[PDB]
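Undergrad: Here is my input; please provide its structure:
(chains A, B, C, D, E and F, ligands or ions: 3)
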Amino acid sequence: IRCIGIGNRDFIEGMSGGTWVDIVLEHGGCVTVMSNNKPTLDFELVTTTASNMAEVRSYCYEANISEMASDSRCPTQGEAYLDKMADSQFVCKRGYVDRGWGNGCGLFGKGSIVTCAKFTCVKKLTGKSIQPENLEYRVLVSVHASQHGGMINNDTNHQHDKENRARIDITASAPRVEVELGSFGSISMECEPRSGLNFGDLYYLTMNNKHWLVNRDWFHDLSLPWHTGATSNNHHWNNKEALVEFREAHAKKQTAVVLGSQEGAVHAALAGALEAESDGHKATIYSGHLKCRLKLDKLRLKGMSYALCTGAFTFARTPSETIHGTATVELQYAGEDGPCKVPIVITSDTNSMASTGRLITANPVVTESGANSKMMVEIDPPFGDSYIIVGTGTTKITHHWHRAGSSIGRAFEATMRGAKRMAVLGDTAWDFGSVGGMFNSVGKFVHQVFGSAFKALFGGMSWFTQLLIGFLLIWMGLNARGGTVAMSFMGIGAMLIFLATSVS
Amino acid sequence: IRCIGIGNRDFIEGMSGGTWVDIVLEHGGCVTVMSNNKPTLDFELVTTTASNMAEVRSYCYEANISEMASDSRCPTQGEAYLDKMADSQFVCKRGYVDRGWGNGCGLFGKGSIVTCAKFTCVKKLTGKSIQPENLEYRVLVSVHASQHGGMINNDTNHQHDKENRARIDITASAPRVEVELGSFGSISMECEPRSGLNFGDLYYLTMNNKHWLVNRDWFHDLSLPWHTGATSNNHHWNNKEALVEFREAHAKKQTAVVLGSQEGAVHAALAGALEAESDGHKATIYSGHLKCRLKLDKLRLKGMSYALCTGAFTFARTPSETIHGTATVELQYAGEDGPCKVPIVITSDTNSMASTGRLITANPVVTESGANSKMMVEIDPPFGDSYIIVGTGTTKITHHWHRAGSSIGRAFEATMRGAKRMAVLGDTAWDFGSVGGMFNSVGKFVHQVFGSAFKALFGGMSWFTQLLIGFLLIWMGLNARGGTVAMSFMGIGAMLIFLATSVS
Amino acid sequence: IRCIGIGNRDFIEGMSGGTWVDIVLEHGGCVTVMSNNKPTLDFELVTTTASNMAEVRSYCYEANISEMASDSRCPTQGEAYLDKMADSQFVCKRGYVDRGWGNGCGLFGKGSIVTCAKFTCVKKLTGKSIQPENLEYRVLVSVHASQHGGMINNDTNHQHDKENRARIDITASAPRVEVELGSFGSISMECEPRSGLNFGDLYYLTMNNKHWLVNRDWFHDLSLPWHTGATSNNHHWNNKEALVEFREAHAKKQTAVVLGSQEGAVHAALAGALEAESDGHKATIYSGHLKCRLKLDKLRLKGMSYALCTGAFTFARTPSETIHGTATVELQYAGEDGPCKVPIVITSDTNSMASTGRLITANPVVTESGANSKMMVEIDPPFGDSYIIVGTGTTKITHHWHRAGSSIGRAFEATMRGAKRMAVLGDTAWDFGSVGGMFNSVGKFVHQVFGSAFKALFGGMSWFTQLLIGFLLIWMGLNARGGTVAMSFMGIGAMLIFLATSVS
Amino acid sequence: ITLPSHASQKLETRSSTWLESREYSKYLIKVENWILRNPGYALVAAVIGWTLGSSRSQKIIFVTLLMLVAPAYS
Amino acid sequence: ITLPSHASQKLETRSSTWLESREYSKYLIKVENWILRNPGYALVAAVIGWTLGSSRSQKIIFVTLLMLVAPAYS
Amino acid sequence: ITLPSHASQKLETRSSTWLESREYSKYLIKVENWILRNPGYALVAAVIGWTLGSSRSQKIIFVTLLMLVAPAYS
Ligand SMILES: *[C@@H]1O[C@H](CO[C@@H]2O[C@@H](C)[C@@H](O)[C@@H](O)[C@@H]2O)[C@@H](O[C@@H]2O[C@H](CO)[C@@H](O)[C@H](O)[C@H]2NC(C)=O)[C@H](O)[C@H]1NC(C)=O
Ligand SMILES: *[C@@H]1O[C@H](CO[C@@H]2O[C@@H](C)[C@@H](O)[C@@H](O)[C@@H]2O)[C@@H](O[C@@H]2O[C@H](CO)[C@@H](O)[C@H](O)[C@H]2NC(C)=O)[C@H](O)[C@H]1NC(C)=O
Ligand SMILES: *[C@@H]1O[C@H](CO[C@@H]2O[C@@H](C)[C@@H](O)[C@@H](O)[C@@H]2O)[C@@H](O[C@@H]2O[C@H](CO)[C@@H](O)[C@H](O)[C@H]2NC(C)=O)[C@H](O)[C@H]1NC(C)=O
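TA: Numbering: from 1, shown residues only, chains lettered A, B, ... in the order given. Ligands and ions are numbered 1, 2, ... in the order given. I have put the structure below:
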């Protein structure tokens, strides 16, 4: 039931013949899996956690200077020198000043001058490495077990609800799990925790209690003073000259000034990176995906041998419509004939009692043996007018329902959802809701080839360059002499423009 | 004599017929003026000062946020609203979250949310305006009065040397001064303190006790929170959204976070600006020029009616050469025939004993009546070998002198220096060492119009764009149809390239 | 008389009417000046000395290393680090080794390793600068005053012979000297001690008590460890990696080794430099020239009023011929005639007794008034056979002289000597034995222009490249008979070849 | 200094990037402010592009490329 | 944020500007880094430049302008 | 280390330079040793020279220049 209020929600109608299905969990999503004579299940990937991270390099972004000193030499007498040039904590520079009889020199001309200042870092950021064998994914499973509506985002005493909820920890040395769901049997998950988000070309950057996932190339192109991630008491700062500027004032003196704190400049440089969080010494990540294979052969309906309920039902609240077109119905049941089966039909006309819409919650039941107990069902009504009829006999309650839209619009939104999933996941999108098949394999192969070529050519472009190159390619295609290069140019251009103007 | 050990030094061989000459003092340079029967003078513009500057605009570069509050609405219930959205000390933003039975809402869909936080500036930078009536230039004048070598950059008891040294303050309320020089008479300066450096399109920027002179349209395009006018506690700020970012994480909540200190980012944005200093509340500037007209009628040689000396001269130092080709000779003199005229010849042929060079210190004399007193002459010796002979009779002393180079190299160096002064000063360069004439007038007028057009077309261009546009123009000229356009393109391109490679 | 045994000797046959002449003293030379009614003089530049030299830079040519250490890092963990990398006296380097489970690492791949070693200089060489105003030339002057042959290279009690010998020190602050020569009057020398040898392009190099004069470009391109001449107690050695090599042995270990003493390699690099000597803290130099002007108006013959000798003359030694064709005759006189005039004729035919060759020793006299006294004459006998007849009356002695050669061969030898002098001195050669003139000045100017162009084009070429380029130029001048270009090519080629095959 | 600009992680996950709300304003505001501060360069670029290109499309493309190169000096 | 870049005050006075020692490093370093990190863009830029220009000079200028626009996204 | 070679101060003064006795030995010995220990390069250079030169003089000059370039690798 944990999938009901979510706006990014997928529905998998598992194949009847087989008992396994391929799913891809994402962090801003949730998957509902329904199979023929088994309970409906909700899957959500909630947390990625990286541990045992190694520090690579520290960068200074705020520094001070002190103990400035200078020294000068007469012309044609070699370069100037200070003992502070033999100290590694000082940054020094050499230039030329004017010398003559007025300055105390015997000659006239450019003499050598040296300026030294003691460097000190006050604020630094770090970068760490993440090995895919140290990740740990957390997945939550919920059963559509006719819990009432006040349990959707309810975590009170969730460690006791061992039958409706399950929490799974997927690591690389434990990628296959048997999840026990009480009287519903079990499911088996076989996941691939090593090939999700590509943490191989990402560093975990920490700056002032904020955390990002950044590119490694970008992290090595930083232009700040740095030292190694190795442990040491006194670190030697490399490239101190990145934060200290030396200047000669009209060839009479030389002076050193430190630049300001770079926190805001780095914030501006991280504009497109991914944000992350911390948990002690562990990185907590809320982006990326996880591919799994579900086997439901040991999953069984609890209460498929229940008796029908004999008492009367009331609507405990108004049935609401979720943004995907399904509808939630909370019922209250009077009379105590124990756990029983809830009779509910969705029909186009009350005369014929012909079912026309299906259920999402498979096998809705009353779960308690008390007097006035609540339960919730999720249904998938047909387009147009319908009736939700609950109960049997002379106490049947009815609710009129209207579902706007059409089936053509539903197919169109499904197509756009699939296209967005392709754009986000690449060729992995072909493994979503897949049960094998030659068509899926050929599609995944062609997508792999074309995606590799497309990333090789147009990999390092921004929305601006994407737009420019796309318009140029569309123009070049509109003027191509023969075919097969006109359509190719225009297709690549349209793809680039679609990528540039995308969202999320 | 204050102009001797200076690398950027000019020599104005004054007019013979006239009595006034136009000079242009610059902060990095120094000018030596010599006329026929008058002493040689050294002029140096040493300080520009601006007082009572007008506050224009303050920008915040480091801020805090606090007192975060939020308000949410269920779907189809309008926008969320907080009372702090009416307070101007708060920054607020609206977004959408997912709402349903799990959150506490009766419907499913995008509910409106609003977040507000109290903005507080921690550190700000200020911009001020400088008016031409606020400026006060300081010029120093020294006389070549046979002071010894230990007086070149000597400021001990400078308030007692009323004959050889002079200090001049030029303002817009007093652009004309007359300077008395003891027995040398007096000079008169008529300067233009309202046309030196274009402070009309520059602001005086202050940030954390460092000061710049910056463009105005750059200061108006800063993207930080700002206000206008004076600054006092708990102020009001515009565009606070430049330092605060709001985010909805997976459509589940909304958070506000403040960006980091922008000190270093501003430092990096100030790359090509000019630096400055402070004197309490006064801007102290060491850049720019000042054009003056010099009148030397009441300037007279002192001691031109002395008797020649009769004692024995010695060399007190070794005659050294300044980088422009002159030589400074410090002489010690025994004998007490009082203030006497020093006999000194510079000859390249001891058979004829004819003079070959020319002095810079006009009328060198012994300035004291004691036993052994020192003086210093400055000479412009001829190219090749020569002798500097001091004294008369048998106690003469000689010094051999060799001056490398030729007059063609001298002329080429003079042409290069003139081209550099043109590039730096625009049409004002025609007023340097000018004594009138219609040729100077027409040249200055043509330079004025061409410089106006050139600044309109290629005003703000880095060396990169200068180089690129110059090469493109050179190509366009090389492939033009004929003349009258081609050479114009080539000249503009060559000028752009000559600017892109220049230094200082 | 000091120029008699020298093999590189020049003769200035003084102008008859004139009283001054220009000479160029060279270190491996000797000049004999003779004027009509004046004694003959010998000039020799013996020593050049430079004092007050400033140390510019010290280079290490023999060093040690000690206290080597290494550190390693596992892959994907950044660079390795030792605390010695924070010590300036240590030279360090980083590389990659193989890491795996065998090396104690958790991953497999390229790990980072760092090696550090303590550098220590054992033997260093020094470079110093020479100021042309610190040079001091020493010139020795001798008179052909009929001293006997046992005085040519005799310096016993030379401080008492204040009449026949003179020592002259020439500096820049005393370039003109009046040399008194007892009864012979006095000469005046006007030298140019600032333009002899271009010491402004040379450093004084000292290595293990041996000294050279070297170019400055060559000295600044040395690739050894170096520190500044501005000496401190503990110097920081720059470029320590020039004497230390790091090597990784099969990607398992890094090691450091120091190169050997570079003394012999420096000796080999100094192949074409100049040698020099030391005198305490001063450089003693025995190469280069000194242009000077001689004024002889106060020089008079001593003993032109003596009476002829009356006693008996004997040949005290066999008249010997010098390398240039002159003859030295040592006579012994028996007779107490006091200081008397020696009667001597040099005749081809004894019938007319007409003199045919001139004397070098003007006015040969018997100096001492004693019994058996010795004296020496030097004569320039004619070509062929002649008689040297000495004495009066019937007791006069004769010596037969044969001088081989002709005046044509003499002129050819003089042309070769002049061409060698030109090749060594450039345009300064036109000032040798010169009294002025328009032809002299025009030739010197043309020589200056052509020598400047030639030094610009073919300046720094060895004999090998000189030969190759000269042959190529001769070839292309042969197969190209354009206007005035063939002879130019072949003339430059012949010049290059003549320079290549020349000897010191 | 001049820190490097991170590439956009848009369309890699479902999350929003660090400062995604300003991803479009960044280049647009810069280019527009530069073009307003330097109006004569527009004439320079028009002349150069009209002289270099032969067909009208080539001229337009040259002018656009120059006007885009100038504000971000590249 | 996007702070504007100050125009160079070189050749306005005799003094050196604020960070004059780094006035060449920024553009060169940025452009060369981006260029040697993205070789496929060179290919596509060359294709577009050769397809758009008519003469050799036009194609060369097209390719140069594209290779300058891409690194500094403008 | 490759220390630089000092230019010859011959014909600068009347003195002899530091190691003037070996001024001709240092090049001839090396060149001839290399040419004798590498006979096949002679044929290589001959082939190249005869392939690039048109007239006989150009061929001889090319062969000579290659034979000189090889021993002192420059
Ligand atoms: C949120 O859940 C709590 C806990 O519910 C209990 O534990 C669950 C795991 C599941 O087993 C439920 O069926 C359990 O009732 C709810 O608090 C309970 O409410 C019931 C109803 O009155 C009461 O009998 C229990 O004593 C309560 N338990 C506790 C620990 O207080 C709570 O009502 C739920 N919130 C909403 C809005 O429905
Ligand atoms: C720097 O100047 C001081 C002061 O010079 C005096 O005041 C000047 C304005 C000018 O009028 C000078 O002629 C004056 O002498 C020098 O100090 C004096 O030095 C002289 C020796 O030259 C000595 O006789 C005086 O007693 C000194 N008086 C004082 C007050 O110091 C000083 O020597 C100068 N520095 C150098 C390096 O020469
Ligand atoms: C080398 O010279 C010495 C010294 O000569 C004396 O001093 C000279 C400056 C000059 O004035 C000479 O005329 C002087 O005689 C010679 O020694 C002298 O020899 C003479 C004669 O043999 C003798 O009468 C003196 O007493 C000697 N005096 C001294 C101080 O020795 C010496 O003979 C010369 N050598 C040769 C080979 O001739």
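Undergrad: CA atoms for contacts and neighbours, from now on please.
TA: Fine.
Undergrad: what about the residue located most distally from the centre of chain D, is that helix, strand or coil?
TA: For chain D, the residue at maximal distance from the C-alpha centroid (Cα atoms, centre = their mean) is residue D:14, at 28.2 Å. Of the three states, residue D:14 takes coil under DSSP: H, G, I helix; E, B strand; the rest coil.
Undergrad: Just list the residues touching the residue nearest to residue A:181 when sequence neighbours are not counted, thanks.
TA: Sequence neighbours aside, residue A:163 is the residue nearest to residue A:181 in space, at 4.8 Å (criterion: Cα to Cα, 6 or more residues apart in numbering or on different chains). When contacts are counted by Cα atoms under 8 Å, 6 or more residues apart in numbering or on different chains, residue A:163 touches A:180, A:181, A:182, A:183, A:184.
Undergrad: Derive a ChimeraX selection command for the buried subset of those residues.
TA: One line in ChimeraX is enough to select the buried members of these, burial here meaning 16 or more other Cα atoms under 10 Å in any protein chain shown:
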select /A:180,181,184
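Undergrad: Show me which residues of chain D are close to chain B?
TA: D:1-2, D:14-16, D:19, D:33, D:37-38, D:40-41, D:43-44, D:48, D:51-52, D:70, D:73-74 (Cα under 8 Å from any Cα of the partner chain).
Undergrad: How about stretch A:277-288 and chain B, touching?
TA: No. Contact of stretch A:277-288 with chain B is not found when judged by Cα under 8 Å from any Cα; the minimum separation is 9.3 Å.
Undergrad: Quick one: end-to-end distance for that stretch.
TA: Start-to-end span of stretch A:277-288 (Cα to Cα, to the nearest Å) is 14 Å.
Undergrad: if I look at the residue nearest to residue A:181, how far off is chain E?
TA: To chain E, residue A:163 is 51 Å away according to Cα to the nearest Cα, to the nearest Å.
Undergrad: Residue of chain A closest to chain E, please.
TA: Using Cα to the nearest Cα, the closest approach of chain A to chain E is made by residue A:457 at 4.4 Å.
Undergrad: Is residue A:20 in contact with residue A:296, as I believe?
TA: Yes. If you go by Cα atoms under 8 Å, residue A:20 and residue A:296 touch, sitting 6.3 Å apart.
Undergrad: Please name the residues that touch residue 16.
TA: Unless you meant another one, I'm taking chain A. So residue A:16 contacts A:35, A:36 (Cα under 8 Å, 6+ apart).
Undergrad: oops, I was thinking of chain D
TA: A:274, A:504, B:249, D:10.
Undergrad: The residue in the stretch 351-500 of chain A that chain B sits nearest to sits in which helix or strand?
TA: For the stretch 351-500 of chain A and chain B, the shortest gap (Cα to the nearest Cα) falls at residue A:376, measuring 11.3 Å. Following DSSP states H and E, one finds residue A:376 within strand A:373-380.
Undergrad: Would you mind naming what in chain D lies close to chain A?
TA: D:1-20, D:23, D:27.
Undergrad: Just these: which are in helices?
TA: Applying DSSP state H to these, the entries found in helices are residue D:27.
Undergrad: Of the residues of chain D next to chain B, just the buried ones, PyMOL syntax please.
TA: Command for PyMOL, covering only those of the residues of chain D next to chain B found buried under the criterion 16+ other Cα under 10 Å:
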select buried, chain D and resi 1+2+14+15+16+19+38+40+41+44+48+52+70+73+74
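Undergrad: Phi and psi next, for residue A:261.
TA: When read as degrees, to the nearest 10, the backbone of residue A:261 gives phi -60, psi 140.
Undergrad: actually residue D:61, not the one I wrote
TA: According to degrees, to the nearest 10, residue D:61 has phi -70, psi -40.
Undergrad: who in the stretch 151-300 of chain A is up against chain B?
TA: Counting by Cα under 8 Å from any Cα, the stretch 151-300 of chain A sits next to chain B at A:151-154, A:250, A:259-265, A:267.
Undergrad: Which of those residues fall in helices?
TA: A:263, A:264, A:265, A:267.
Undergrad: quick one: which of the residues you listed has the most company?
TA: residue A:265 (25 neighbours; other Cα atoms under 10 Å in any protein chain shown).
Undergrad: before we move on, back to that, would you confirm that the residue of the stretch 351-500 of chain A closest to chain B contacts residue A:333?
TA: No. Residue A:376 is not in contact with residue A:333 according to Cα under 8 Å; the separation is 11.0 Å.
Undergrad: does the residue of the stretch 201-350 of chain A found nearest chain D sit in a helix, a strand or a coil?
TA: As assessed by Cα to the nearest Cα, chain D sits closest to residue A:272 within the stretch 201-350 of chain A, at 4.4 Å. Put simply, residue A:272 is coil when judged by three-state DSSP.
Undergrad: got the residues of the stretch 251-400 of chain A near chain F?
TA: Counting by Cα under 8 Å from any Cα, the stretch 251-400 of chain A has no residue next to chain F.
Undergrad: thinking again about what came up before, I'd assumed the residue of chain A closest to chain E was in a helix, is it?
TA: Yes. The assignment for residue A:457 is a helix, going by three-state DSSP.
Undergrad: Leaving out the residues flanking it, which one is nearest to it?
TA: Closest to residue A:457 by Cα to Cα, 6+ apart is residue E:40, at 4.4 Å.
Undergrad: any idea which helix or strand carries that neighbour?
TA: Counting by DSSP H and E, residue E:40 is part of helix E:39-52.
Undergrad: name the helices or strands packed onto that helix?
TA: When contacts are defined as 3 or more Cα pairs under 8 Å, 6 or more residues apart in numbering or on different chains; DSSP states H and E, helix E:39-52 sits against helix A:438-458, helix A:463-478, helix E:56-69.
Undergrad: and the residue of chain D found nearest ligand 1, what is it in contact with?
TA: Residue of chain D nearest ligand 1, by Cα to the nearest ligand atom: residue D:15 (29.1 Å). Neighbour list for residue D:15: A:27, A:28, A:286, A:287, A:504, B:249, B:250 [criterion: Cα under 8 Å, 6+ apart].
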